[PDB]
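Chains F and E are the protein sequences, given in the same order. Residue numbers are given in PDB author numbering: position 85 of the first sequence equals residue 85, and the series is strictly consecutive. Residue numbers are given in PDB author numbering: position 84 of the second sequence equals residue 84, and the series is strictly consecutive. Beta carbons: idealized from backbone N, C-alpha and C, even for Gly.
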Amino acid sequence: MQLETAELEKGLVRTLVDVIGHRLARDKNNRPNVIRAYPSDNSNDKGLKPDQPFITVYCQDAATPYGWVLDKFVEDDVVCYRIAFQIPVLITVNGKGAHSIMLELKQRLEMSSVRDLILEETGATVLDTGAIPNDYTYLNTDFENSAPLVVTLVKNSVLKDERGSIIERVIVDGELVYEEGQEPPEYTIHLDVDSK
Amino acid sequence: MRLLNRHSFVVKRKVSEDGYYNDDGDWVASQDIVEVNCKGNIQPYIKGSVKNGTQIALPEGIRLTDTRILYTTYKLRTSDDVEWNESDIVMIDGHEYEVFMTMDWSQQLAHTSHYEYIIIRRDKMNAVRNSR
């Protein structure tokens, strides 16, 4: 499995539709309003703001606090590497009662279930979950209630080194001497070992 | 006059001024809403950083903000905490426009006394009720 935030966001979006979809608004296709941040298509088209309440998913960054390389192994003749990653994600609810919805979303991510569905879709484990503020932003006319939350994930990624190769034959030479630097060696041992 | 009555629009005035705070602290708007027919003139408001039909790009999507200036002889009122009344609503293009500013030019001259208002398009949000 390779690590790609584009897939983690999609998996989280698909999971949230079932986990917390009953509290959200629904579009013309009856689907709950969960979307990825900064919507756009065809390199210039821009999405419209859905009907409230809705959810936004945005991946912040990715780091490797756990060393630099976790494993190096051979799976088939191609060499492989494994690396441990950490990915903080930001989920926000916009509308009225955003805090009341974020609280229930928090209380469900900690269940034994749900954490299995997340791993089934994204193949990642939930590591931490931060606090929830209760924000108000003026916009125009009326304030909008919002409630962000940060959910950190952990995943292992594997890549293939197509430039690598393996050793399958070894040739060894040796000598024996009574004294250091004895120019004609007392004995010479030549060895050759094949994998087969 | 003719130019002051070029446009016809609907105004929603909350005739009752009995809004109050519940025993739980929530706000309850005045109950009796009444529709009226009025005539005036509506033009775009060009001043400073004012935004007429301006598309706004946000991480959450796209918004649309608009604001206009209205000349009329009808006395519309904005929110007032001392008099304890709420503002009026003006229906333009099927959307709501809340009266935010007023300028009293009445009682100045015979044939040219009027009023000026700045009306801002109401933002989109979901509805909730607290009525006791």
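* Terminal residues of the continuous alpha helix (DSSP H) containing residue 221(F)? -> As shown, chain F starts at 1 and ends at 196. That puts residue 221(F) outside it, with no answer to give.
* Asked: Between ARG63(E) and chain F, is there a C-beta pair that is closer than 8 Å?
  -> yes
* **As assigned by DSSP and simplified to three states, the class of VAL69(F)** => coil
* Looking at C-alpha atoms only, which residue of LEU58(E), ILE120(E), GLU60(E) and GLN108(E) is the closest neighbour of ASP88(E)? -> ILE120(E)
* What are the uninterrupted segments assigned as beta strand (DSSP E) that are 3 or more residues long and contained completely in the stretch 19-88 of chain E, given in chain order? -> 33-44, 54-58, 61-65 and 67-72
* Asked: With 16 other CB atoms within 10 Å as the buried threshold, where does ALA98(F) fall?
  -> buried
* Asked: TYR187(F): buried (16+ other C-beta within 10 angstroms of its C-beta) or exposed?
  -> exposed
* Asked: Which class does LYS10(F) belong to by DSSP, given the choice of helix, strand or coil?
  -> helix
* Less than 8 Å between the CB atoms is what I'm expecting for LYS75(E) and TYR115(E), so what's the real figure, rounded? => 6 Å
* Skipping 5 residues on each side, what residues in its chain have a beta carbon closer than 7 Å to that of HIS190(F)? -> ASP173
* Close Cβ partners of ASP18(E) (< 6 Å) along its chain, the five nearest in sequence each way excluded -> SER30.
* Does any CB atom of chain F fall closer than 8 Å to the CB of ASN41(E)? -> Look at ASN41(E): its C-beta is not under 8 Å from any C-beta on chain F.
* To do: Report all residues from its chain with a CB closer than 7 Å to the CB of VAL13(F); omit the five preceding and five following residues, and keep chain order.
  => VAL34, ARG36 and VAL57
* Spell out whether any CB of chain E is found under 8 Å from the CB atom of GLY11(F). => Closer than 8 Å: no.
* Limits of the alpha helix (DSSP H) - the one that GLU75(F) falls within -> Segment: none, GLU75(F) is in no alpha helix (DSSP H) and carries neither H nor E.
* Cα separation between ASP194(F) and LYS160(F)? -> Going by the C-alpha atoms only, they are around 26 Å apart.
* Can you tell which of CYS59(F), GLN2(F) and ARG82(F) has its C-alpha closest to the C-alpha of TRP68(F)? -> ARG82(F)
* Asked: Counting along the chain, where does the alpha helix (DSSP H) carrying residue 197(F) start and finish?
  -> Outside the shown range of chain F, which is 1 to 196, sits residue 197(F), and nothing can be said about it.
* Using a Cβ cut-off of 8 Å, pull out every chain F residue sitting near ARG122(E), in sequence order please. => Here the neighbours are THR141 and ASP142.
* Asked: Who are the near neighbours of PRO39(F) in its chain, counting only those whose CB is closer than 6 Å to its CB and skipping five residues on each side?
  -> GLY47
* Would you call the stretch 163-172 of chain F and the stretch 83-93 of chain F touching, i.e. three or more CB-CB distances under 8 Å? -> Contact between the stretch 163-172 of chain F and the stretch 83-93 of chain F is absent, because fewer than three Cβ pairs lie under 8 Å.
* To do: Pull up the DSSP beta-bridge partners for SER40(F), would you.
  => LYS46(F)
* **Closest by C-alpha distance to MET91(E), when choosing among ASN41(E), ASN130(E), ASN85(E) and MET125(E)** => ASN41(E)
* Asked: So, helix, strand or coil for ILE167(F), using DSSP?
  -> coil
* Check whether the stretch 59-79 of chain F touches the stretch 93-109 of chain F, counting contact only when three or more Cβ pairs, one atom from each stretch, lie closer than 8 Å. => The stretch 59-79 of chain F, when compared against the stretch 93-109 of chain F, does not touch it at the 8 Å Cβ threshold.
* **Three-way DSSP call (helix, strand, coil) for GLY181(F) in this model** => coil
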